[PDB]
Every structure is written in C-alpha cells, then in structure tokens.
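Have a look at the structure below, then the notes.
Where a number appears in this text, it was derived from the coordinates with a stated rule and is not lab data. For neighbour counting, all protein chains shown are included, and Cβ atoms are generated from backbone atoms with ideal geometry for every residue, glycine included.
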Amino acid sequence: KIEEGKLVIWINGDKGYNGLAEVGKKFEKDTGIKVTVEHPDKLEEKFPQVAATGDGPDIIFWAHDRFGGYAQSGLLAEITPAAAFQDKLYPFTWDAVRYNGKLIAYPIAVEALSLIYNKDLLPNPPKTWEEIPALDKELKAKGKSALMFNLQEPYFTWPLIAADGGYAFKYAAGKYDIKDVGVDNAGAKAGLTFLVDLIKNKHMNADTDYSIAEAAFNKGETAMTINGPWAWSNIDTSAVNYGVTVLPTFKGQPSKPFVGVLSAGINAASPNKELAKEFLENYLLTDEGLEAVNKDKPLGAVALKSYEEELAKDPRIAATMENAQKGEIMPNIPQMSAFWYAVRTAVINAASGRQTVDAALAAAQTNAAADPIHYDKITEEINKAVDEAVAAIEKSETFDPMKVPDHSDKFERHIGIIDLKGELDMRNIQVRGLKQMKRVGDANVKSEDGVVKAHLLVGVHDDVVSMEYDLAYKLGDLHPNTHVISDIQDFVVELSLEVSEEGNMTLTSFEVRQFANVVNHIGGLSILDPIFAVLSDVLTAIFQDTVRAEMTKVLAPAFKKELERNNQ
Ligand SMILES: OC[C@H]1O[C@H](O[C@H]2[C@H](O)[C@@H](O)[C@@H](O)O[C@@H]2CO)[C@H](O)[C@@H](O)[C@@H]1O
Ligand code: NA
C-alpha cells in the first residue's frame, strides 16, 4: 500500500541515487515530508509488476523508452506542468515523454554512449571499428587489451548493429510501423557479424558484462570501453587518465547508438501526486537539484536549459552530444520491450555460438513482434523449472550409469580386390557422465496467443559422456573380443516447453542433438591399424543413430514426468 504523506522513489543502480537522496533531504527539510530513494534490481520490470497491483513507488526513474508501455497499462499518471515550467526544458525532451499526445513523465537528462579511452595507453583512439583488431594485437603484446564493453545488454552493441543500416521500427508519417522491423537486414548482419568476429578472433569475450568491462578499464587493463556519462565518476576516482570521444565508424558510417532520456514518472496509484510534482519541478529540476545528482553520477545533457547550458562546456558532454546527433532517440512505444529482448537474445546467442548471426537475427525479427512480457521474470522462472527437474534426474541412478540394449549390425566396404564383408555386435553398453548435465544458457522465451513457448539446452560441457562396452567383430577368420570406450564431446539436449495460461508446463519437444564428434578407443587396436578406420566409422555411425535414439527415448519420459509433476 503506497504510503501517503511520504515519497518512495526508484532509480537505477548505475545512477546518482546518493545525490538524488540529498535532494530528497532538502525537500524533507522544507516540507517535513520524507523521501526515500531505492535502486531495486530489474526495476524496469519490477515496477510494472508492483504498479499493476496498485502499488509501487510514487516516482519511477528510467529512460523514456520503457514509459510507453507503462502508460499503455495505465501505470503512469499524466503530469501537469504549467506552460511556464515546460518552457524551461528543451521541447525535444518533452516529445520524448509524450505518449498519445499526453505528457506521461518529466524528462531529466539526455544520455548517449561514447567511446572511452585511456589517454596514456592510447593517445589517439581509432576512428573505425575495423582498425580495432589490429590495435588489439599490439596491446596484447603488452599484456593489455583493446576494447571491453558490456555485451550482456543490447544497448551497448546496438550502436554498431545500426551503423550500417540496422533499425528497430520503421518510422512512417508520424508513426512507428510495429510490423516493419529492421534487425535482420543487410546492414544489421554486417554489424553483428563483425562483433562476433571480434569474439571468434578472441579480441573480446562473450561473457563480458558491465562490471567486468568497468573493472578492466578503470584498472588500466583495457585501453577502450563504451559507456554512458554515469560511468565517468568511477573512472574519475580510479588512476586511469581518460578521455571521451566519438564512437568508431563502421564501413565509413558512424555508429548509431540509441539515445535515451532519463525520465521521472509518477505512479498512477499514487496518493502523493502533488508532493511528487513539487519535488520534481521545484527540487530536482533546478540547477541546484540536477547538480546534486550530477556530482554523484553525471546525467549527461540535462533537460533543464539553464544547467544543460552551464555544463555544455564539458569536453566529455560535447562528445556525448556528438554521439547523440549521429544516433537517434529511442521510440517510447510499448513494443520497445520486445525489440530489446529480441536483440538482447540474438546478440548473446550469436556471440556464444548458440546461434549463427543469421539464425539469431531472423529470430529477433520475429520475437521483436511478439507479445511483450516480463521476459526476465518468466525466464528466471522457467530456468528454475528445468534446473530443479534436471536436479531430480541427477538423484535417480537409472540414467548414470545408463544401461543400453545390445546391438548388432552387418556392414561392408569394397576395399581392393574384395567386397569386404563382415559384422560386429555390442554388449554391456553403458552411458556414463549424464549425472553432470546442466542447463546451458537462458531459456529463449516468446509469447503467442497467450501461450509461452520456451527453448533450452541441457548438456554436459567441460566433461565427457563415455559409453563403455564389450565388442566383438568378424574379420575373415578372426573373431576377436575386446572392450571399447567411445567419448562424446559436447553432449547436448534440445528442450521445448510450453506454459499455458492455466500455468501448465508441458514438454513440447525433446531431442539429443547429433554428437559433434565421437572418439572410439578400441582396445588392443591402434589408430594406425588399417581396420580401425572402418570399425570406428561404423561404431560412430550406429552411435549417431541407434545409441542417440535409445538415449532420447529413455530421457524424454523422465523430463516429462518432472516438468509436469507439480504441473497440476
Ligand atoms: O540494453 C537494453 C536496455 O537499454 C536501455 O537501458 C539502458 C539505460 O537507458 C541507461 O540509462 C543505463 O541504465 O543502461 C541501460 C542498459 O542496461 C533501455 O532504456 C532499456 O529499456 C533496455 O532494456
Ligand atoms: Na553511488
């Protein structure tokens, strides 16, 4: 229950919430009304969840791109600033928060990504993304790195993906055609493929996230990084001598980062809409107000004419403005969340190798047009389901060691002056190592007609699934009996789940992907023994058919009974 007479405010953890708190103290020193600032995790989703239950904070902070959907849901109260107040803020920043002709929030400051380099390590930073692989070679020779930026959020990679032609929604005659997406076009594949080549060529790691990139850069390890104004504070207090400049160009074209406007919205179910207006219009959106917040963490180009004008003489801000001009201001429509999840998923999978650049973006083209949902929420949820299910399997002993029915097969190959005939049969077949199969990566979710579909991967990586067994084959007059051990590398399972509106999780599909490779160790026989090649080829073949199948038929049931136990 939103407490009346008090002000609860939410802002992102990477912003100057400590400074925002001080402004909250002054408000309390003048009105007696306490202001509490909190920076929850996943607030861009937490808010719409609690605010939908008629609860939440009185004021929520975030880039305008999210607010479109918030307002659509009726979670945001229409702001009421006098024409005189609007006048003291740049018009374009009001357009940013205008949804359906109504102003649904107060703009705070414009923010754009810029290139951040180490003056000492790199006095003159590269002007293009292409001359970066070369620069990495040099730095590596000195135990350094060329570039490190968050690859877990599509917000940071998008600048490159759009550079050559990528785009979210086609804007036409004052309207964003939610059907005309542009993430898998020629211009987009070029960018993502480039980004992927950087990882394939080990110039950067896919696992790299915000904190890892920040630590390396501020530690002096990497020469460059890509971040926003908020990031400057931590670099200031580091030892790194830094500069902020124009992002690298791609194919003679500038990187087009999505520009966002940090906005403050008032929760519709708030009983303190007047106290909220006071705070925002007369305590935060003042030169003294924005300064307190800015000292803690730079806001970028504030929407307040007076202050934006004062800090406009900052080289770093001058850079940010340059990047903003080259890129475009994000649309605020509700479909924006889908767009983000789609791209976020395409980038992550393409960078991890889970999907090829084409497969990823094609799926993003589709997903960006699906029914927006609390992705994170549902993802963590489904992962949790599979995990516990897989952990249950780990308990049973029926699958590890997994007994496998014998098998016999006849073959032949015209080897010389003989249509070489001969067969062999396997006994005491046992699969091992399936007790260590975890979930690889997040569940890739999508919602259609109210039903959620999820695709996952369960496998035994950084380990091996061996199948030991007694073998016997016929070679002319030789009837040898030995023991074999076939190792399978990269054992993977493709899962397909479906969560009904009733909340029922039913297994859609289950298949053991064909083994990337199989290394047969035939006892007493050497890889140099001419026969090995034939036997190995046969064993591996019946492995990719018989074994792999009678392995799926045994794991499919166990995965159904679990993913559908508590089901109902
Ligand atoms: O990565 C997708 C994400 O991008 C934007 O979020 C930014 C935000 O604008 C910045 O102020 C800062 O907090 O970094 C965020 C990236 O993690 C969009 O505003 C957001 O909706 C979107 O999910
Ligand atoms: Na802080």
Taking θ as phi - 60°, what are the ³J(HN,Hα) couplings along region 110-125 by the Karplus curve (6.51, -1.76, 1.60), each to the nearest whole Hz, with x for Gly and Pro? 7, 10, 9, 6, 9, 8, 10, 10, 8, 3, 5, 6, 9, x, 10, x
Counting just the Cα atoms, what span does region 430-491 cover along each of its three principal axes? Round to the nearest Å and put the largest first. 65, 24, 14
Taking 2.2 N^0.38 Å as the expected size of a compact globular protein, what ratio does the Cα radius of gyration of region 49-89 give against it, to two decimals? 1.36
As I understand it, the value is the acute angle between the Cα axis of helix 186-200 and the longest principal axis of the Cα atoms of the chain; what does it come to in degrees, rounded to 10? 70
Quick numbers on region 373-568, Rg and Dmax over C-alpha atoms in Å, give 20.4, 68
Where only alpha carbons of region 73-203 are counted, the Rg and the Dmax (Å): 20.3, 60
Order of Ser145, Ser270 - criterion: other Cβ atoms within 10 Å of each residue's Cβ, fewest first: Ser145, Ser270
Roughly how far apart, in whole Å, are the Cα centres of region 375-390 and region 52-99? 33
Extending each Cα 7 Å along its Cβ direction at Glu131 and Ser73, get the distance between those two points in nm, one decimal. 4.7
With r as the distance between the Cβ atoms of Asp55 and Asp197 and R0 = 60 Å, compute the FRET efficiency 1/(1 + (r/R0)^6) and round to 0.05. 0.80
D for region 206-307, whole µm²/s, Stokes-Einstein with Kirkwood Rh over alpha-carbon pairs at 10 °C and 1.306 mPa s: what number? 95
What FRET efficiency comes out for the pair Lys295/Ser238, r = Cβ-Cβ distance, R0 = 22 Å, nearest 0.05? 0.80
Given contacts defined as C-alpha pairs under 8 Å and at least six residues apart, what's the relative contact order of region 373-568, whole-number percent? 17
Can you give me the long-range amide H partners of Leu420? Hydrogens built in the peptide plane at 1.01 Å from N, cutoff under 5 Å, separation of 5 or more residues or another chain. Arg413, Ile415
Computed Rg/Rh for region 83-131 (Cα atoms; Rh = Kirkwood radius) stands at 1.29
How high is the relative contact order of the chain? Use alpha-carbon pairs under 8 Å, at least six apart in sequence, and give a whole percent. 14
Debye, to nearest 20: dipole size of region 1-67, +1 on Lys, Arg Cβ, -1 on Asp, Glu Cβ: 160
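From the Cα trace of region 255-369, what convex hull volume per residue do you get, rounded to a whole Å³? Please report the intermediate quantities before stating the final value.
Numbers: hull volume 18.1 nm³, N = 115.
Enclosed volume per residue, from the Cα hull, is 157 Å³.
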Whole-angstrom Cα spans of region 514-568 along principal axes, big to small: 58, 17, 16
Roughly how compact is the chain, stated as its Cα Rg over 2.2 N^0.38 Å to two decimals? 1.19
Rh by Kirkwood over Cα pairs, then Stokes-Einstein D for region 2-86 at 0.692 mPa s and 37 °C, µm²/s: 235
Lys, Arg +1 and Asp, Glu -1 on Cβ, resulting dipole of region 373-568 about Cα centre, debye, nearest 20: 240
Region 245-309 and region 539-568: distance between their alpha carbon centers, rounded to Å: 53
The chain: angle of helix 17-31 to the longest principal axis, Cα-based, in degrees nearest 10: 30
Reduced to Cα centres, the span from region 414-438 to region 131-198 in Å works out to 46
Calc'd 3J(HN,Hα), region 59-67, phi into Karplus 6.51 cos²θ - 1.76 cosθ + 1.60 (θ = phi - 60°), Hz, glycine/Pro = x, comes to 9, 10, 10, 3, 5, 3, 4, 7, 3
Descending Cα extents along the principal axes, region 36-104, whole Å: 33, 26, 18
Which loop trypsin sites (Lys or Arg not before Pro) in region 170-223, with loop taken from DSSP, have no more than 15 other Cβ atoms within 10 angstrom of their Cβ? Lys175, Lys202, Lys219
Could you give me D for region 473-568, from Stokes-Einstein at 25 °C and 0.890 mPa s, where the hydrodynamic radius is the Kirkwood radius over C-alpha pairs? Units µm² s⁻¹, please. 152
Helix 548-563 vs. the chain, principal-axis angle (Cα, 0 to 90°, nearest 10): 40
Which ³J(HN,Hα) values in Hz, rounded to whole numbers, follow from the phi angles of region 523-539 under the Karplus curve 6.51 cos²θ - 1.76 cosθ + 1.60, where θ = phi - 60° and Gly and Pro get x? x, x, 10, 10, 4, 8, 5, x, 5, 2, 3, 5, 4, 4, 4, 6, 4
Given a Förster distance of 56 Å, the FRET efficiency implied by the Cβ-Cβ spacing of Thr546 and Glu502, rounded to the nearest 0.05, works out to 0.90
Working only with C-alpha atoms, what are the Rg and Dmax values of region 1-150, expressed in angstrom? 21.0, 61
Would you work out which of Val445, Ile527, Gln544 lies farthest towards the positive end of the dipole of region 373-568? Charges go on Cβ: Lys and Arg +1, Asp and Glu -1. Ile527
Let me spell out the model: positive unit charges on the Cβ of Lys and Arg, negative unit charges on the Cβ of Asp and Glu, origin at the Cα centre of the chain. What dipole size does that give, in debye rounded to 20? 680
Along the Cα-to-Cβ line of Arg413, 7 Å from the Cα, sits a label point; which residues in region 534-566 have backbone N less than 14 Å from it? 534-542
Segment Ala82-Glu468, extension gain: residue separation times 0.36 nm, minus the distance between their alpha carbons: 131.1 nm
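Please state the relative contact order of region 329-459 as a whole percent: Cα pairs under 8 Å, 6+ residues apart?
It comes to 21 percent, rounded to a whole number.
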